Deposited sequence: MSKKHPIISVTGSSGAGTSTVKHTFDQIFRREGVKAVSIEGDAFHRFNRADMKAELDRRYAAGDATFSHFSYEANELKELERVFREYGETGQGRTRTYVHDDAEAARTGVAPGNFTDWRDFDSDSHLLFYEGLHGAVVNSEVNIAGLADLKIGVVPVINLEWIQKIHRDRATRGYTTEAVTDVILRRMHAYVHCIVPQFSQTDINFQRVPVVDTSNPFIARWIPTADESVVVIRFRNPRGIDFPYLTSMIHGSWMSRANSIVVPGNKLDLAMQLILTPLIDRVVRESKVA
């Protein structure tokens, strides 16, 4: 919080994004602890793969990694709570030497000491729901989201590179995810302070026969600010070559220039944040 700021990126897990924040915390001397959003899935691979066959026997084509039930959500809240006040907490790793195993959660760590901020990247960094309020504990909430068409392509590609005897087809994997996508993911993009939305400017009208993922070059990113006060858009459009404004509060930026728009944009918020913690 004010004295232990937590920054929270929700929606994305490609992941160009971490390198960018790293580049800034290094550029600015911000000693940072971090949470990989995978670390708070309720189930390891077997448990979940199993959790899904119980469901599909009951009549339940709505459970996925997007649903709240599939995530240690209030632990994630507890930790965001704990960082704010004291600067301690825990994290796992998943997605890794401990003995490891692909498909298993490593063991919980105490949070390092003398941290300027915590950093979270995943699909639930701004959850607000009836049990847990995770948006409310983070001083900066960023959303990095693709247009639905491009999430499917992004997903159909991860799932044509690791099969199994699944018996569920991409159509059924894609639809089964819509339920928790519209119920748990979509709403979060009204909790965030700044959204970056990745929009392909190539044909994504049938995501299911997409032979490859639209590269950065073949997309634009809309960067919308919840509140555009203080923001100097001419500065920004001068600096980011190729950009223009679509509304009074959002800049469109060629997709090969995300990394630079994040630096130009985020470098000063993370400073104004690291300088009010020590004041």
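Margin query: Counting from residue 1 of the deposited sequence, where are the gaps with no C-alpha coordinates?
Written below: No C-alpha coordinates exist for 1, 15-17, 100-105, 290.
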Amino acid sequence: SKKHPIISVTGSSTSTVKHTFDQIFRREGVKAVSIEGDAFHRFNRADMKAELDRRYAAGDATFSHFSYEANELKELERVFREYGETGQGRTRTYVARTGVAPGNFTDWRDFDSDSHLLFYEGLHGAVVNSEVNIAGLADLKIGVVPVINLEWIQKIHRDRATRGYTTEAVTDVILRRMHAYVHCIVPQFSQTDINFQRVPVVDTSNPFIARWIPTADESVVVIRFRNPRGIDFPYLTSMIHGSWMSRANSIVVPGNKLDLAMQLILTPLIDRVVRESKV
From here on, numbers count along this sequence of modelled residues.
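Next item on the list: Return whichever of 65-73 and 47-55 has the greater mean Cα B factor according to the PDB record.
Entry: Per the deposited B-factors, the answer is 47-55.
Notebook entry, point to check: On average, are the C-alpha B-factors higher in 200-208 or in 102-110?
Noted result: Result of the comparison: 102-110.
Next item on the list: Among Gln154, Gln88, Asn133, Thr192, single out the one with the highest C-alpha B factor in the record, please.
Entry: Result of the comparison over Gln154, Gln88, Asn133, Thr192: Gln88.
Item checked: Top Cα B factor in the deposited entry, candidates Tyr181, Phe80, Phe119, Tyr94 -> Among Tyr181, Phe80, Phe119, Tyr94, the highest C-alpha B-factor in the entry belongs to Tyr94.
Next item on the list: Could you say whether, by C-alpha temperature factor, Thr171 belongs to the lowest, middle or highest third of its chain?
Entry: Middle third of the chain for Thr171's C-alpha B-factor.
Notebook entry, point to check: Split the chain's modelled residues into thirds by Cα B-factor; is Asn129 in the lowest, middle or highest one?
Noted result: Middle third by C-alpha B-factor.
Next item on the list: Relative to the other modelled residues of the same chain, rank the CA B-factor of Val222 and answer lowest, middle or highest third.
Entry: CA B-factor rank for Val222: lowest third.
Notebook entry, point to check: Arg27's Cα B-factor: lowest, middle or highest third of the chain?
Noted result: For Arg27, the deposited C-alpha B-factor lands in the highest third.
Item checked: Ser12, C-alpha B-factor rank within chain (lowest, middle or highest third) -> For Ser12, the deposited C-alpha B-factor lands in the highest third.
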